[PDB]
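Remarks on the structure that follows.
Letters A, B, C, D, E, F, G and H name the chains as they come in the text, with residue numbers starting at 1 for each one.
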Amino acid sequence: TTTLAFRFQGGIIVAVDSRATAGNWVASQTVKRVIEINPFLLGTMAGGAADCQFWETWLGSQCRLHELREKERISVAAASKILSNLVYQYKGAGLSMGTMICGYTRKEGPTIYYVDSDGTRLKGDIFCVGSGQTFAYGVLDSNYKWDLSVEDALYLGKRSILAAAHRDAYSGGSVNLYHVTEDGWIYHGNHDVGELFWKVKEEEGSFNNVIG
Amino acid sequence: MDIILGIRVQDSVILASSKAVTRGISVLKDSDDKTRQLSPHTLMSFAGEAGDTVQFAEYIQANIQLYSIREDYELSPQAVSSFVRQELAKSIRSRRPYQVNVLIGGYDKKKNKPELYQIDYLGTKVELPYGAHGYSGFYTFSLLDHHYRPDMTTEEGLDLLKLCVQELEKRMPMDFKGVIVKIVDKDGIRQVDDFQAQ
Amino acid sequence: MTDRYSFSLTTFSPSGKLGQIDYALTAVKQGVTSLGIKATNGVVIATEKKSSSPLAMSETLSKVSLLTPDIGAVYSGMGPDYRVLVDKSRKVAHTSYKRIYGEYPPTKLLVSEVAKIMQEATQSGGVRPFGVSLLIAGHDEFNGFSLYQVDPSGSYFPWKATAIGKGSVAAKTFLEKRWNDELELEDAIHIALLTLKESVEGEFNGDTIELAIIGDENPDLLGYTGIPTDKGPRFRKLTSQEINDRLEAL
Amino acid sequence: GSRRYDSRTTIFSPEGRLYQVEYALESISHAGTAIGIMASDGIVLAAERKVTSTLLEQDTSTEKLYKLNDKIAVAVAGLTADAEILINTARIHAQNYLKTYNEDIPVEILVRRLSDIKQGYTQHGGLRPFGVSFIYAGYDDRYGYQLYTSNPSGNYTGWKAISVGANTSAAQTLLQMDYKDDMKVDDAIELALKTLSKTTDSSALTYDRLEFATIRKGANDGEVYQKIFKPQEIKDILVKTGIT
Amino acid sequence: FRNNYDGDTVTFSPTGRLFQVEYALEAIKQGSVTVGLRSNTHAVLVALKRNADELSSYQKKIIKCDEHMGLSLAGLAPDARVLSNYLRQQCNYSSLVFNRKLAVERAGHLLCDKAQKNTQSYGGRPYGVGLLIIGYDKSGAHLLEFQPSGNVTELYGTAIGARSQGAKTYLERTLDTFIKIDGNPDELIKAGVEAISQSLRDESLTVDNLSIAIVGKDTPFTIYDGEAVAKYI
Amino acid sequence: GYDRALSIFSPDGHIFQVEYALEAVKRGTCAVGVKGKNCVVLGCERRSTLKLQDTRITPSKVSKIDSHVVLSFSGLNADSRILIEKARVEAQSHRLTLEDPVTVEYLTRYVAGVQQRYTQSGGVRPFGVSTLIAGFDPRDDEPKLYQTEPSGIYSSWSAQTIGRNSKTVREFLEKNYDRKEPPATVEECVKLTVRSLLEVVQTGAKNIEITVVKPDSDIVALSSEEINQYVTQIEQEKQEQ
Amino acid sequence: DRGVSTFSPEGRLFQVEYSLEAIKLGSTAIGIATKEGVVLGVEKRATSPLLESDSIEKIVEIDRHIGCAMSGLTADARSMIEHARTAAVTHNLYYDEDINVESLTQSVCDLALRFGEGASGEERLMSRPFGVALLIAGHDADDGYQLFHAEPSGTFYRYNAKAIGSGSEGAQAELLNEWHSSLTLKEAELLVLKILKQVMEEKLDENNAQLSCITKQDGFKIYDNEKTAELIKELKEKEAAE
Amino acid sequence: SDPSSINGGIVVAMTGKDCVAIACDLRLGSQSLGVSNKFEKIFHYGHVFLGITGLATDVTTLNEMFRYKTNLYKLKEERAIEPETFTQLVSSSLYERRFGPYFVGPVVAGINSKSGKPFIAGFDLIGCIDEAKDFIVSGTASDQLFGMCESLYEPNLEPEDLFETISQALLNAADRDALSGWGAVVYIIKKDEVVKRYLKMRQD
């Protein structure tokens, strides 16, 4: 699995792969690794599927409750901490999760919080998580600029997942992209890695060693 | 473990704390501030187990902030540290112990003296001129033992921490990505933004 | 079912009076007389054995009780209430002191513990106060000899001599005249016998009186030899004959 | 059912007053007067003993003045036994704070906590309140000499001079008359004693009927000294001032 | 006299009466009428629903407890909800644990015991609702009448609620006739409606008014409301 | 174990205990709060039944719930302490979980919620306290002032007063406070407040305590002297005529 | 004294009936159900002119598709709203759908008789019934637009239009005559406004009354003062005709 | 992993002619790392001294607990706790945590204010009392101290001589223990006066 999220001029880019494996068995090539918390917040799934899926869908509920009570949109800082604090309550029981809580609020701007089952909660600009993280970080770090366009940004994220899907045996299937803006997130499609690899190869000239 | 150093000079306490957060195979962040202001004249740095570290520090801050308001007063650094020690000493025989080591640097407005307290995860508190947690002391204490003087200026302290950080960067195996340094004195707590090269 | 009486049964009346405490003190007033006299080298506590029938065996009912080897108690009021207060006092002497410090508590502190038990019966939910007043006499290394009175409210006070119960007013008066700070224990036993004689209606002898002293250490009542730090209990109940011998020197 | 026997100790009267508290304050007004006077260099606590006699051991006695700490003491007006219950919880709180912070507990913190306990008996639980009023005399590094007072309601306030118990109106009037902000302890002693002497319900103010304490910072030392006067010392100070 | 002996259910009067329970029985008497009657194949519940104004719905009186049992209520509705819930649970436990359908006689026994607990302890209050329970178990068709005192009785037909006595008489008369309506659901229902229409006075039973429920041989407890009761007026 | 229903409905639909709690408030010293364009001022009268107090220590009538929100009240002093302590804890708990200090409405809704709970829970009596909570939301500049009462009801006010004689001074504010030109200055806001208290306190300098709360955690308690300067200037816009 | 869950000789629970009396002293609230939405309007009733009227919350959102109005001891409703909101969100979590309006209502009404002093049956701690009534209105796919009146007795009825509060007997009478199966949202808003106007002591303006509606398309929305002023104006004119 | 060997340290108490002595080293370390050279292990509640060796967090906790308990004792009893009595209090306090003990080795030294008899006692971590008439040793260099004491000790020494004895017992025992040293302190206790002397010793 490879999931990433990065902050820039026009919001946040969230890109993830969609493979799930049980040992060497590829259980699914169509896993949804971005949990649509609500129309303004996104969370990435890494670690235990149920754990992430369950607690982030729960997070969505706690976020809706807050807004009903306070009549104001929940900040990413507060939404992340709800999950982070819950996860810390169960510390040692065995939950497994590495997730990015992404949002763009008026008060904070584009915000990403890395939250894991160890109880760590970190605010940052770029985060990759999963078995393929190292591969994604290579592409990201060398091409990331704060002034990227929403088109190039979407491309960088998509390419980073591809770098990982190629090399990491546990990542692949397809890439799911999302752009997070203040008025909410906009989904930028599901791209099959089979077809995306070849396109990128011919247009970019990369992956020279692969014959095709 | 992260790097946490503190040095009490004549009129202030300087805490230097590493900037990296490493999770497994990758360095996740290179700008982490491992410190919480407990009161306007008391700062605590911390190092330890992943989530426990911040959870503990934020719990202490909340508790000290509450006292200040109920009482309209700022506890002495010695009082804050004793409170911190008792909390750590409680968890040691708890269901799941906090594994956090802290350094508390505070300026006592009443005695008019800066003070540094070192307390490990077990609740072992000791007041010192300089201190550290984990392996940090292993490389730096020889330097501190040699060059330290009680009447040092803030600049002399900073120069010494720099030497300490240089030895750490030369012989210590992990890249801790530099340190964030903070000074605690009569005027409060300020972050020295000039340490990457001084 | 269940003790749903979680509210106080003793509450303040408009005049600031604690009704149940005043009524308990009245119960104490109708009880047999008991007194205690403190001498230079001892204390004597005494009371009359108001046997409620001649078929009863008066010896099987002790009104003067040992709380610790150096502390004794006597009362005036409701006997059963005193009996349970004695059990609780003997026990607390152990739980709050001997099992912690390895020594028996000093008189004032044991007194303070009984008093607390009585105060709580004055405020806790669903109980009425104890209808007894106690005179506790004892000795301890650092304070010497002492005599204390504890009332249904839980208030306690130290005395040189005092009397409680039926004729306590007259008796407290006889005691004020006879008492001075140079009395040896035999003299206090004497004055105790005299004071009691006036409160006692009928037969006055060693089978109708109960007296005990807190005096010198009694090694013959220890039960073992060999350890020199513990020299024996200072509490000793006078036997039927020991009282008679003193009544003849009236 | 059991509702039948419940006096309902925590209800408001139609006028918004707490019945039991008002009745407890009435009980208190019958207790010997306790006076506290705060000076620039110490505090004085004086109290008149209730229910005495020629036979009571005054030497081994304490029914009005109790040490809560080496720097804090209280004077009690009301039911002695209720007072001892509270006094002991105060003694423990003082030690809990010392253990936690390694500093002696500031006076107001101890006072507030005690009052909060009294207040509790006022709003929930169904138990009668404590029929006690306290005068707290204490010292700390933040405010120096302090004197506070708390009553059954759980309200507490601070004073330069105050009294609790019987004849408060009279005593307060006399205090407010002869009290001066720059008083010295030796002078406060006299005033406290003078005041009791003029408000006593009994014949003459004699030593055997008093308890007296002062908290002074003797200039030839540093630690604050709490002195609980012994019988003969009360007799001595009673002569110098002029009551014989 | 009374305010001395009617403040709690835990107090017996000098004549041995339980006034709180008797007052509970009164709430039932001010509730809308409901009839129950059965043959040897089906059991029907017919109930006149009541409204508050002419701008509101008509409060439901029939509750399904399981596929083979249900009841009609009269009195405090919140209480019927509490007791039908219990019945639903008890029915469920029988199926889950023993793979057995709870017998009506047993349901009645269970209801009685639940009601009794509320009449012997202080602080509580009796239930203030009556229930007609019909069902079809291993021994056939059943109709039971439950009263808050804990008394549950098995009957051929009955009715409870205001003016219940009318239908109670019609049924008591028509017994020989309805006890034989085997294999003909609609007839039984019609007898139930005829019965219930003897306790009317205010208005005539309309399509927003009537509620019927039937259970039997090859009929799982089913509730007919409004639209589907048209053919029975 | 004690759970007797102390607050219950009586025949006419009233809950006496709550109504009697209000009566306790009616007996407490008066508290007033009025808001300016960029400030809120809280004024309180000092209980004058007894005098010879040590002003340094005595529990102040206005209490900081956090660096930016204060609460004053009228009623049972002892009860106020319970509410104030709960408020202060919730204030720190909010900073810890939401990473932002409480808004004034939030803090109010909390205190009021506590008050209401004590009106329908067994074994407890309502708080004989009404509060005035004022301050500024984080990073905002619009002043806030709310009032809560024993029933747990709460709402915001341009100016409001509670406690003894509040009916009277409420009348003063109703025809001296204009929402078109709310006291555009700390100085004029304070004056209006004192004016209102002067109509009740009866010529007393030390008898009035004023607390001024401005944006961004700037809260100050005017000194005995700073206020006297106001009473004086006030006895002028009354004596010149 | 006499217990809190005691029945009267008529078979009515004393505390519930008295509860109903406290509700008769509260501001009027009216809800009208059409086939384009349900309108909820309430009388603000400030106790003095220094009160900032916008802080009077008597109409609250329960969920996007459910809103409610209150009348009586309004503070009592806070815990009720908390429950209703949590029930709806919780239902969404467990079932990935919107909770039916009847269900939301029923859940709220289950709280009602959960009062008493150790009432042998279950654990009901609340020393007394609620002293507020609620009008719950919303929309769900199976039964469309619905308006419910939830009382402290635990019983709730569905209504085409309903008024609660001080001017209820009068207001309900008007509603009885003006409601018909074909009202429009705009007509409903007008009626609510008219009837509130009638029973209110003060003269109705946009600052002492509040309207709201719930529609399938936009959900529950509280009408801001400007939208209502226009509607009030539109009323002055429609009435001033004949 | 051995809580009694993490921080290091030793305490020894000896009795003399109308006096007692209790001494300790000043090291606090973390395994091999010396951390503080100012960690005193001898505390006193009135005229009763208590030295405690072992895990430093417990040493600190116990001092705080005994201060608490002796403070309350003084208030209730209106007199300062005696050595014999305190000894019983320590023992009962340690055994209260029988199955989750404090990893310490307490040592009590003092003189009874009424009888004047010198007193010292030692305890294991669960409270067993060792009331010796000669000496008590505790710490990571307890074997060494036993060796030193068994040879160096002789009964009834005067304050001035006991000092030398206890000091040498301590000093040489510490120099053969890796986890002890870095300074030392000796208290010579008499009925009326108590003298505290810091010793000069190697700092390795």
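Rule of thumb we're sticking to: a contact is a pair of C-beta atoms (placed from the backbone, for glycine too) under 8 Å apart; a residue touches a chain by one contact, two chains touch by 3 or more.
According to UniProt, the chain labels map to these proteins: A = Proteasome subunit beta type-5; B = Proteasome subunit beta type-4; C = Proteasome subunit alpha type-2; D = Proteasome subunit alpha type-3; E = Proteasome subunit alpha type-6; F = Proteasome subunit alpha type-4; G = Proteasome subunit alpha type-5; H = Proteasome subunit beta type-3.
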{"item": "Starting at subunit B, fewest touch steps before arriving at subunit F", "value": "1"}
{"item": "Closest chain to global C-alpha mean, per-chain Cα centroids", "value": "F"}
{"item": "Centroid-based (C-alpha) most distant chain relative to subunit E", "value": "H"}
{"item": "Interchain centroid distance [CA atoms averaged], subunit D/subunit H, Å", "value": "42"}
{"item": "Distance between the centres, which are taken as Cα means, of subunit F and subunit A, whole angstrom", "value": "49"}
{"item": "Subunit F and subunit H: spacing of chain centres that average the CA atoms, whole Å", "value": "58"}
{"item": "Centroid spacing, where centroids are CA-atom means, of subunit A and subunit G in whole angstrom", "value": "43"}
{"item": "Residues of subunit F touching at least two other chains", "value": "2, 4, 6"}
{"item": "Contacts with 2+ other chains: residues of subunit E", "value": "7-8, 121-123"}
{"item": "Contacting residues of subunit F [partner subunit C, same complex]", "value": "1-2, 4"}
{"item": "Interfacial residue positions of subunit A with respect to subunit B in the complex", "value": "84, 87-88, 91-92, 114, 116, 118-122, 124, 127-128, 133-134, 137"}
{"item": "Residues of subunit B defined as touching subunit H within the complex", "value": "85, 88-89, 92-93, 118, 120, 122-126, 128, 131, 137-138"}
{"item": "Contact set on subunit H toward subunit C in their complex", "value": "76-77, 79, 85, 88-89, 91-92, 114"}
{"item": "Touching residues (chain side subunit G, partner subunit E) in the complex", "value": "2-3, 5-13, 109-110, 112-113, 116-121, 149, 153-155, 157-162, 172, 175-176, 179"}
